[PDB]
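Here's the letter readout for the chains.
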Amino acid sequence: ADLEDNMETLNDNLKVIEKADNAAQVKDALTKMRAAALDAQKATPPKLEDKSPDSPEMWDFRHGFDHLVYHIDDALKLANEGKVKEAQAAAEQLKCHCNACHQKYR
Ligand code: HEC
Ligand SMILES: [Cu+2]
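Residues numbered from 1 in each chain as written, not as in the entry; some residues may be left out. Chains lettered and ligands numbered in written order. Heavy atoms only, no water. Residues with missing side-chain atoms left out of burial classes, pairs and counts.

By the method listed in its record, X-ray crystallography, this PDB entry was determined to a resolution of 1.100 Å.

Caption draft 1: The arrangement of the coordination of the copper ion (ligand 2) in detail. Taken together, the protein donors to the copper ion (ligand 2) comprise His67 (NE2), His71 (NE2) and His97 (NE2), at separations of 2.0 to 2.2 Å. Sequence positions of the residues that donate to the copper ion (ligand 2) give the spacing H-x3-H-x25-H. Here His71, found in helix α3 (residues 56–80), pairs with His97, found in helix α5 (residues 94–105); they are 26 residues apart in sequence, far enough to count as distant. Overall, the relative accessible area of 6% leaves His71 in the buried class. With relative accessibility at 31%, the residue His97 sits in the partly exposed group. (Donors = N, O, S within 2.8 Å, 3.2 Å for Na, K, Ca; no water. Helix = DSSP H or I, 4+ residues; strand = E, 2+ residues; numbered from the N terminus. Buried < 20%, exposed > 50% of the residue type's maximum accessible area, 1.4 Å probe, protein only.)

Caption draft 2: Structural detail: the coordination of the iron atom of ligand 1. Distances from the iron atom of ligand 1 to its protein donors, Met7 (SD) and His102 (NE2), fall within 2.0 to 2.3 Å. Each of the 6 donor atoms around the iron atom of ligand 1 contributes to a set of angles spanning 86 to 180 degrees, which defines the coordination as octahedral. Linking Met7 in helix α1 (residues 3–19) with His102 in helix α5, this pair joins segments that are 95 residues apart in sequence. (Tetrahedral: all angles 85-135°; square planar, octahedral: opposite > 155°, others 65-115°.)

Caption draft 3: Representation of the UniProt feature "binding site: heme b" in the protein within the structure. Summarizing the sequence annotation, UniProt attributes the feature "binding site: heme b" to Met7 and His102 in the numbering used throughout. Spatial clustering of the annotated residues is evident: they stretch over 96 residues in sequence, but the largest pairwise C-alpha distance comes to 10.9 Å. Each residue touching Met7, except ones within four places of it in the same chain, is listed here: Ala40, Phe65 and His102. (UniProt positions renumbered as here; feature names shortened; annotations may be inferred. Contact = heavy atoms within 4.5 Å.)

Caption draft 4: Region of the structure containing the nonpolar core. Formed by 31 residues in total, the largest nonpolar core has its most connected members in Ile17, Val26, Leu30, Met33, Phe61 and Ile72. At the level of elements, α1, α2 (23–40), α3, α4 (84–92) and α5 are the ones that each hand at least two residues to this core. Top contributing element to this core by residue count: α3, with 10 residues. Other than its neighbours up to four places away in sequence, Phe61 contacts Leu3, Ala40, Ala43, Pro45, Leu48, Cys101 and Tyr105. (Core = buried A, V, L, I, M, F, W, Y, C linked by side-chain atoms within 4.5 Å.)

Caption draft 5: Summary view of the side chain of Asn13. Relative to the helices and strands, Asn13 resides in helix α1. Aside from chain neighbours lying at most four places away, what touches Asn13 is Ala29, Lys32 and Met33.

Caption draft 6: Here's a closer look at the packing of aromatic side chains. All chains considered together, the criterion is met by 2 aromatic pairs. Look at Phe61 and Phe65: their rings are 5.1 Å apart centre to centre, the planes differ by 80 degrees, and that puts the pair in the edge-to-face class. On the criterion of helical spacing, the pair formed by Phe61 and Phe65 is a turn pair, its members being 4 residues apart in helix α3. With respect to class, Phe61 is no different from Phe65; both count as buried. For the pair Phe61 and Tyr105, a centre-to-centre distance of 6.1 Å together with 80 degrees between the ring planes defines the contact as edge-to-face. Highlighted residues: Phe61 in helix α3 and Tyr105 in helix α5, separated in sequence by 44 residues. Site record: aromatic cluster; members linked through ring pairs are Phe61, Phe65 and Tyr105. (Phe/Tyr/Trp six-rings, centres within 6.5 Å; stacked < 30°, edge-to-face > 60°.)

Printed below as a string of structure tokens:
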């Protein structure tokens, strides 16, 4: 999918997590976010289209998604333990990273 679509998936599923009634619902949303993060990691964002594919900026962009997956995996572990509120709280740690990448590269 394109980068915009993967971003919509990330945004929509974070809202699902916030409104969830159980940890399995959180897990289902996080699973979709994990895939969207890894698919977005394959894209070249418009603001970096003129940079080398091997540039420090492109590696920083790609590594931002690895860190999003770090947080998603943290939250998934908690969700799979049935810990709904803790999994929701772990997912909120994503937000600073959504905004930090946007500040650089959106
Ligand atoms: C870089 C490592 C990113 C991370 C982490 C997140 N996003 Fe992102 N997002 C990124 C870029 C470069 C762009 C612009 C894409 C473009 O083609 O202009 C975006 C955009 C969004 C949007 C707007 C969607 C659109 O239709 O353009 C949303 C709603 C969005 N991003 C959400 C979002 C969330 C919730 C994230 C954390 C869970 C997140 N992004 C991380 C780059 C990066
Ligand atoms: Cu972090």
